[PDB]
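Residue numbers (UniProt numbering), protein chains in the order written: chain W, 55 to 107; chain L, 2 to 153; chain Z, 2 to 158; chain B, 54 to 106.
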Amino acid sequence: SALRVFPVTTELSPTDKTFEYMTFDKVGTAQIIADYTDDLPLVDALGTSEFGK
Amino acid sequence: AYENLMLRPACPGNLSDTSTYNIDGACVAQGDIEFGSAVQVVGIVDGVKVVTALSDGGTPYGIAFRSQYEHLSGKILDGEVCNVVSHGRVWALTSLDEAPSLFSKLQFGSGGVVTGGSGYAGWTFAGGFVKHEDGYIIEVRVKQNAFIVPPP
Amino acid sequence: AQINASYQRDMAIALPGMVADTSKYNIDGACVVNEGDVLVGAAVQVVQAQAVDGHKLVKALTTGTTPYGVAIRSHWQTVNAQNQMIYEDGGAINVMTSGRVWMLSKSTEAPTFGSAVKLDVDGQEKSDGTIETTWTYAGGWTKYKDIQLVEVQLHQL
Amino acid sequence: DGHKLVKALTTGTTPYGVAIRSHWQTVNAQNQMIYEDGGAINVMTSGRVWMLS
């Protein structure tokens, strides 16, 4: 019981030799501002990945 | 510069880079002013500033700007409104032959032409040195609130 | 029966070499990495500024050199290496010569609001560094995971 | 958070900026416009302003 208790997918094609999946993230903040304001904070993002065979 | 180049590198009295420039438009000329060369502020009459070519014992204020609509004679004549680059990066006129050290404070003399570096306070020399006619052209990094007129 | 639950988690505030504010800033392109690699949150030095062309050659800070600007984080120009983001040799660098940026710091105590910024030989902020700058602190002082970050106010040289 | 706590000038202190004129944020007091304790303020750190003399 190995295919019965774990999911089976179909993404890969016969000729493929490897695969890869990625993750992501973000950072940021906010503040209390006034009428004539030129000072505003910013945000960004990241990401990684892994492999198989 | 000169031959072996499709285009001449630069012409005096024109901005070099588009990075935080400021141009005053309310100015009046007292004498003949040429593009480039620092100017003084003799006085203020009803808001506008009466600028003259640099002289002895005067703190420079800005560099004259080249406009192809206001001045149709190649120079700024008497009693004519003019644009002055109070802040930014502009090509000026110099009486030198060798580029000074980088980020060195320039010195002005005669009719607003740069005579040498090794100053104590003021504007700085950016990266630029080109040949023009018979002489060279220097790039000046103009900053507002740089020269303070001495107290009497 | 059962009791439901709800959780919460907050994002971080900064990332090394990231623009902090929308205030007046000046980012200068047309700079080249003359030699070596330059980190995103470290100061740089100007090896040579070409006269006719205009390109400025940019390197990493060493002993007895004047800092110029801080590298800026970008998703296109930068190349991912060493499980980080760096600028490789022979590539354009976004140098910020004015504005507020998040630096890399080696200090352990929060700085004052208005005071001079001291760097070390590596190009990272240090409370008692040797190299002297004209820049001033801005107030921000946080940490992303195990990396310490500090905010500085940059003035044009 | 990133907010700055501003105050009025006193003896032996370095000024930072000049408050400006806004018809929404300011509150009228003593027959003049004024900024109160709390809330946000508009302080200009660069430009040309008409100061009291």
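Yeah, the Cβ is synthetic: ideal placement off N, Cα and C, and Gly gets one too.
Quick one: grab the DSSP three-state call for residue i.
| i | result |
| --- | --- |
| residue 69 (chain Z) | coil |
| residue 101 (chain Z) | strand |
| residue 108 (chain L) | strand |
| residue 9 (chain L) | coil |
| residue 143 (chain L) | strand |
| residue 106 (chain Z) | strand |
| residue 84 (chain L) | coil |
| residue 73 (chain L) | coil |
| residue 149 (chain Z) | strand |
| residue 59 (chain B) | coil |
| residue 27 (chain Z) | strand |
| residue 103 (chain W) | strand |
| residue 98 (chain L) | coil |
| residue 86 (chain Z) | strand |
| residue 74 (chain W) | strand |
| residue 134 (chain L) | coil |
| residue 155 (chain Z) | strand |
| residue 77 (chain B) | coil |
| residue 90 (chain L) | strand |
| residue 44 (chain Z) | strand |
| residue 126 (chain L) | strand |
| residue 37 (chain L) | strand |
| residue 49 (chain Z) | strand |
Can you grab the Cα-Cα spacing for the pair residue i / residue j, in whole Å?
| i | j | result |
| --- | --- | --- |
| residue 93 (chain B) | residue 70 (chain B) | 14 angstroms |
| residue 111 (chain Z) | residue 74 (chain B) | 34 angstroms |
| residue 76 (chain L) | residue 96 (chain Z) | 37 angstroms |
| residue 51 (chain L) | residue 110 (chain L) | 20 angstroms |
| residue 86 (chain Z) | residue 102 (chain W) | 12 angstroms |
| residue 94 (chain W) | residue 141 (chain Z) | 14 angstroms |
| residue 65 (chain L) | residue 129 (chain L) | 18 angstroms |
| residue 104 (chain L) | residue 123 (chain L) | 11 angstroms |
| residue 64 (chain Z) | residue 45 (chain L) | 49 angstroms |
| residue 38 (chain L) | residue 115 (chain L) | 8 angstroms |
| residue 56 (chain W) | residue 16 (chain Z) | 43 angstroms |
| residue 79 (chain W) | residue 5 (chain L) | 53 angstroms |
| residue 79 (chain L) | residue 88 (chain L) | 24 angstroms |
| residue 136 (chain L) | residue 52 (chain Z) | 15 angstroms |
| residue 90 (chain L) | residue 68 (chain Z) | 20 angstroms |
| residue 56 (chain Z) | residue 31 (chain Z) | 5 angstroms |
| residue 30 (chain L) | residue 117 (chain L) | 27 angstroms |
| residue 75 (chain W) | residue 98 (chain W) | 21 angstroms |
| residue 82 (chain W) | residue 84 (chain Z) | 21 angstroms |
| residue 22 (chain Z) | residue 16 (chain L) | 27 angstroms |
| residue 26 (chain Z) | residue 100 (chain Z) | 4 angstroms |
Mark residue i as exposed unless 16 or more other C-beta atoms lie within 10 angstroms of its C-beta, in which case mark it buried.
| i | result |
| --- | --- |
| residue 81 (chain B) | exposed |
| residue 77 (chain Z) | exposed |
| residue 79 (chain B) | buried |
| residue 142 (chain L) | buried |
| residue 72 (chain L) | buried |
| residue 152 (chain L) | exposed |
| residue 67 (chain L) | buried |
| residue 60 (chain Z) | buried |
| residue 87 (chain W) | exposed |
| residue 152 (chain Z) | buried |
| residue 140 (chain L) | buried |
| residue 106 (chain Z) | buried |
| residue 8 (chain Z) | exposed |
| residue 65 (chain W) | exposed |
| residue 132 (chain Z) | buried |
| residue 90 (chain B) | exposed |
| residue 7 (chain L) | exposed |
Tell me which same chain residues have a C-beta within less than 8 angstroms of the C-beta of residue i, skipping the five on either side of it?
| i | result |
| --- | --- |
| residue 144 (chain Z) | 150 |
| residue 113 (chain Z) | 138 |
| residue 149 (chain L) | 60 |
In chain order, what residues of the same chain have a beta carbon less than 6 angstroms from the beta carbon of residue i, not counting five sequence neighbours either side?
| i | result |
| --- | --- |
| residue 58 (chain Z) | 33, 35, 48 and 49 |
| residue 29 (chain Z) | 96 and 98 |
| residue 14 (chain Z) | 143 |
Leaving aside the five residues before and after residue i along the sequence, list all residues of the same chain whose C-beta is less than 7 angstroms from its C-beta, in chain order.
| i | result |
| --- | --- |
| residue 48 (chain L) | 27 |
| residue 133 (chain L) | 13 |
| residue 10 (chain L) | 2 and 131 |
| residue 85 (chain W) | 95 |
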